[PDB]
Every structure is written in structure tokens, then in C-alpha cells.
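Starting off, we have a lone chain in the form solved without the DNA, written out as C-alpha cells.
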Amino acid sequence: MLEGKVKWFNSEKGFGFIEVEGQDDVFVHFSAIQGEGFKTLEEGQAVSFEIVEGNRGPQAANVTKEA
């Protein structure tokens, strides 16, 4: 339901931080994104997801890679 732009991402574990305009920064984890053939988000890639409260802070849930 929410949308954010990937600020950065690591190819090691396949994850990156996204920027949700309106809410603080939301981190994203490979398992949080759908796409076994490309779970690694590309910095600057827009995606969809919900904010889940996590110890580290805001995390991306159900991340959908969007154009």
C-alpha cells in the first residue's frame, strides 16, 4: 500500500534502504522482496510495501518491485 524509492542496496544479502515520501526511511530485506530471479533491489528502483515495526526500525513488508 505504501511506495518508496530504493536509496541503496547490498548484493551480498540482496537488500537496500528505501525512502518513503512522508514516512521515515524504510529498510528492505531480500526476503522482503518477491523475485527469486532478482530479489536484490536496484538503488533508485521504486517498489511497494507496508511498514513493519522492527528492532532496527521501519522495515519494508511485502515489497513489490515497481517501474
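Heads up: residue numbers just count along the shown sequence, starting at 1.
Same protein, other form: the form solved in complex with the DNA, not shown, and the subject of what follows.
Whether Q34 contacts the DNA in the deposited bound form should be assessed with a 4.5 Å heavy atom distance threshold; does it?
Result no; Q34 lies far from the DNA in the deposited bound form.
Taking the shortest heavy atom distance, is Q59 within 4.5 Å of the DNA in the deposited bound form?
Yes.
In the deposited bound form, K5 touching the DNA (heavy atom, 4.5 Å)
No, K5 stays farther than 4.5 Å from the DNA in the deposited bound form.
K39: touches the DNA in the deposited bound form, heavy atom cutoff 4.5 angstroms
No - in the deposited bound form, heavy atoms of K39 and the DNA never come within 4.5 Å of each other.
For 16-34: residues with a non-hydrogen atom within 4.5 angstroms of the DNA in the deposited bound form?
Residues within 4.5 Å: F17, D25, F27, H29, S31.
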